[PDB]
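Just so it is clear: chains get the letters A, B, ... in the order the sequence lines come, proteins before strands, and each one is counted from 1. For ligands, and for the atoms within them, numbers begin at 1 and follow the listed sequence. Basis for what follows: all heavy atoms, side chains included, without hydrogens, waters or symmetry-related copies.
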Amino acid sequence: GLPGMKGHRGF
Amino acid sequence: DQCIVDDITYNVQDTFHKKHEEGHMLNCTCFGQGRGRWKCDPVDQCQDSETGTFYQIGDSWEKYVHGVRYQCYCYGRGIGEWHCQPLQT
Ligand SMILES: *[C@@H]1O[C@H](CO)[C@@H](O)[C@H](O)[C@H]1NC(C)=O
C-alpha cells in the first residue's frame, strides 16, 4: 500500500 | 486551533489534497486537537508500471511500449484499476 502522512507542531 | 502544512494553514475539520513526495495524491483532514494535528490518506489512483508515474481517476495518458503507442485510462474502481488501448484512426 501507498504511504499516508501525518503531522503536527513539534514533529 | 489550526493546522500548518507546507506553509498553508487549515481550520479544524478542514479537508484538502496534497501530493506526496513520492508523487501520489493524498486526501487530508485537519484535526488540530491542541497541536495542529493533520492526517493524509492515499487516494484511489493508478500507477503506471513502467514509468512509475501516478495518474488520477479520469486521467488519460499515452505511452510507447515496443514501438507501439497506447492511450491509457485510470478507472480506479477502488483498486487503482487502469487499462490501455493501441492508438487507432
Ligand atoms: C480520505 O477519504 C476517505 C473517503 O474516500 C475518508 O474516509 C478518509 O477519512 C479521508 N482521509 C483523511 C485523512 O481525510
Side-chain angles (χ1 to χ4, degrees):
Chain A
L2 306 169
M5 280 178 74
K6 74 190 301 189
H8 56 82
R9 292 177 301 248
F11 203 122
Chain B
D1 194 13
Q2 287 184 328
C3 301
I4 309 168
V5 196
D6 296 346
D7 280 321
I8 313 175
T9 283
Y10 298 98
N11 288 319
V12 182
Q13 283 188 338
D14 274 10
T15 63
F16 57 101
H17 293 92
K18 182 185 196 298
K19 199 173 188 176
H20 194 276
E21 198 175 13
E22 307 288 28
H24 56 279
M25 194 62 47
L26 311 161
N27 75 288
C28 312
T29 290
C30 176
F31 302 90
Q33 298 175 329
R35 298 185 188 176
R37 300 182 192 276
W38 52 275
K39 184 201 175 195
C40 289
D41 283 341
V43 154
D44 181 34
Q45 55 200 304
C46 308
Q47 185 185 19
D48 194 348
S49 303
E50 293 77 11
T51 58
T53 301
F54 289 102
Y55 300 92
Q56 297 313 301
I57 296 179
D59 280 4
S60 62
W61 63 106
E62 296 181 8
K63 47 175 182 173
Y64 282 90
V65 173
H66 303 117
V68 196
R69 202 181 187 191
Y70 298 82
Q71 183 70 308
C72 302
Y73 187 90
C74 181
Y75 298 83
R77 307 208 229 263
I79 56 177
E81 177 176 353
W82 56 280
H83 298 292
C84 301
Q85 301 175 353
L87 280 201
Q88 291 194 13
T89 172

- prompt: Would you say the side chain of B:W61 lies within less than 4.5 Å of the side chain of B:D48, judging by non-hydrogen atoms?
  reply: yes

- prompt: Counting each atom of ligand 1 from 1 as listed, which ones have a heavy atom of B:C28 under 4.0 Å away?
  reply: 14 (O)

message: Looking at A:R9, I want to see if its CZ is surrounded by more than 12 non-hydrogen atoms of other residues, nucleotides or ligands under 6.0 Å.
response: yes

query: Would one find an N or O of B:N27, backbone or side chain, under 3.5 Å from an N or O of ligand 1?
result: yes

- prompt: What closest approach, in Å, do B:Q56 and B:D44 show between heavy atoms, and which atom pair accounts for it?
  reply: OE1-O, 4.3 Å

- prompt: Among all protein non-hydrogen atoms, which one is nearest to atom 13 (C) of ligand 1, and what is the separation to 0.1 Å?
  reply: B:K39 O, 3.4 Å

message: One pair to check against side chain to side chain contact (heavy atoms under 4.5 Å, CB included): B:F16 and B:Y10. What are the steps and the verdict?
response: CA-CA 9 Å; B:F16 57 101; B:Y10 298 98; 3.4 Å; yes

query: Got a sec: does the CD of B:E62 have more than 12 other heavy atoms crowding it under 6.0 Å?
result: yes

query: Any idea which protein heavy atom is nearest atom 9 (O) of ligand 1, and the distance to it?
result: B:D41 OD2, 4.2 Å

query: Would B:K19 and B:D6 pass as an ion pair if we require N to O under 4.0 Å?
result: no

Test item: protein heavy atom less than 4.0 Å from atom 4 (C) of ligand 1: no

query: Is at least one protein non-hydrogen atom found at under 4.0 angstrom from atom 11 (N) of ligand 1?
result: yes

query: In terms of residue, atom name and distance, what is the protein heavy atom nearest to atom 14 (O) of ligand 1?
result: B:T29 OG1, 2.5 Å

